[PDB]
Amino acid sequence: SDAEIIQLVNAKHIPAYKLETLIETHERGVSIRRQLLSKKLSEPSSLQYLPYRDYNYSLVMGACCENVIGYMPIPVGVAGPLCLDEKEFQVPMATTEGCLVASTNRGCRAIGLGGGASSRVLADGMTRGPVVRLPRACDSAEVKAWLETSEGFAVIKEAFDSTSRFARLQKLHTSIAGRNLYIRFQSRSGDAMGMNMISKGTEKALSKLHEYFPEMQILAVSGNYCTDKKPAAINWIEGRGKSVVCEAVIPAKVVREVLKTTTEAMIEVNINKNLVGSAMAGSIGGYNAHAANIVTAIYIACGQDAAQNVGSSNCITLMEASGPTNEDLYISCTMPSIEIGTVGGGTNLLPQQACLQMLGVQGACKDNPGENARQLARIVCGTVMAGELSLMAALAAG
């Protein structure tokens, strides 16, 4: 019984996190971990409203989380339809910020009444940037030159690509800092965000490189040159994951009636807030109003890694006068580094798979690998554009 397992565990031997190994059932393991934790709290009843029952923990234990004590429910709203590339999407948004889903929905409506939005994927490739060290800068220079010859690259590419069917080493960007050499490996990864896959490829590639340069020390599989989950100019300038651009034209009438403002007022706010304002703040990649809000809500709803909102949110929002009389609104959003996937990680869980299915991009695209992930990136870029339209109209109106 629980009372029995509790005193057996209190007898040090087994730690609270070794409950999924002993106890013959997931949910009970959680209940037992909770009771044990409750007694260590200044308020033993604090867990009362934290849910944990009837959740499919089979897919979570040993793949997505440890020392599980329940789950956190995030309200999921829906914005749409989003008319993108001649299709209609109903976008799931997990958030606790009031008016976010509503304002984004309004943005979607303005786009719909404007004939829809168009998007293009400009680049696709997840990255990993390890740091290695040579005895001297002259040696690291030699390695860089070697990696730059067609023969050196081919050897590394072969080693990298042997690790998986989706591992296709695209290019290599190397940077030297004295005797240190940072190597940025880039590769597609089917419909997976590709972090783990690229890591495996990187470890195999660095090993092959160690044979030709035995004096090379592999300091860290990640030397922050990726760059993963930290702001960096490199992701903005060279891209990371999926680089996407979206656009739409909003008829003056729609700007007037749906957005409650004018094209001229929107343009003036965009230039002075999103361009000049971000410039005065010393921003690198943050030339937008609130891309992070949309990226985050969709990421949580679709099982993405929410911490990747850091670089995935990079965006430059542009607005221009358009049309016969210059009263129509041209708008574009360019996002160079959307880190996303429809396979693996949190996308392996059922509730998040439901939101992905809702968009028609769940799991692998069997006939065209990577297409589901690309479609999801396009959807994110389009929804961000709807979000930018709506919030900017509100700011422009006062």
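By rigid core we mean the largest C-alpha set that fits within 1.5 Å across both forms. From 1 onward, residues are counted along the sequence shown.
The rigid core fit leaves 158-166 as the farther-lying stretch in 7 other deposited structures of this protein, judged by Cα positions and set against 116-124 and 158-166. The rigid core fit leaves 34-42 as the farther-lying stretch in 7 other deposited structures of this protein, judged by Cα positions and set against 64-72 and 34-42. As the entry records it, the average C-alpha temperature factor is higher for 155-163, out of 97-105 and 155-163. Between 386-394 and 7-15, it is 7-15 that carries the larger average Cα temperature factor according to the deposited entry.
Note on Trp236, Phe185, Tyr299, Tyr212: the highest value goes to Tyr212, judged by CA B factor as recorded.
Among all modelled residues in this chain, the alpha-carbon of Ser332 has a temperature factor (C-alpha) in the lowest third. In this PDB entry, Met197 carries a Cα temperature factor that places it within the highest third of its chain's modelled residues.
Remark: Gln308 belongs to the lowest third of its chain, ranked by C-alpha B-factor as recorded. Looking at the C-alpha B-factors along this chain, the one for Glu257 belongs to the highest third. The deposited CA B-factor of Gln170 belongs to the highest third of values across its chain.
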